[PDB]
């Protein structure tokens, strides 16, 4: 091929390998998405940093680590149904997620954003998918004011 032998790492594995995205994996495993991402195909997932979680409040964070339903929910919205990378965009791109809500991704100033959120290090080639490290845990649409 060109560069092999060393080894690879599936989208999920890529996260499992990276410690920064450890606590996240657990979330996936618990949610029961690992397998899904384990099976070949394509799935755009976003793994935030380590402190990205510590930022989360004990109201949302806990819940996540608590209720799985709500957990997978977030993960679902964090996972896509296609590989979207800053390759041939244009202005805006709508990534059909699993949770149901389409993930918004665009390329401006050469910067990638997901749901109006800054990405850490996008363009993460996997074995059967892609990954885009985020600087903070994404959140699904909802009334957040009260």
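Residue numbers (the numbering used here): 160 to 305.
C-beta: ideal position from N, C-alpha, C; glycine also.
Asked                                                                                                                                  : Found
Would the beta-carbon of residue 247 fall within 8 Å of that of residue 203?                                                           : no
May I ask you to report which of helix, strand or coil DSSP gives residue 172?                                                         : helix
Contact check, residue 282 vs residue 256 under 8 Å by CB: the rounded distance?                                                       : That pair is no contact at about 19 Å.
Per DSSP, which residues does residue 290 bridge with? Please list them.                                                               : 204 and 283
Looking at the structure shown, is residue 230 part of a helix, part of a strand, or coil, going by DSSP?                              : helix
Work out the CA separation of residue 288 and residue 200 for me, nearest whole Å.                                                     : 7 Å
Do residue 187 and residue 234 have their C-beta atoms within less than 8 Å of each other?                                             : yes
So what does DSSP say about residue 251, is it helix, strand or coil?                                                                  : coil
Apply the 10 Å Cβ neighbour rule to residue 285 and answer buried if 16 or more other Cβ atoms are within range, or exposed otherwise. : buried
What's the call for residue 190, buried or exposed, on a 16-neighbour Cβ count within 10 Å?                                            : buried
May I have the straight-line CA-CA distance separating residue 166 from residue 179, to the nearest angstrom?                          : 20 Å
Can you tell me the Cβ-Cβ gap for residue 291 and residue 278, rounded? I've got them flagged as a contact below 8 Å.                  : 5 Å
Check for me: the beta strand (DSSP E) holding residue 264 runs from which residue to which?                                           : 262-267
From residue 182 to residue 160, what does the alpha carbon distance come to, in whole angstroms?                                      : 34 Å
For residue 170, which of 196, 164, 162 and 185 has the nearest alpha-carbon?                                                          : 196
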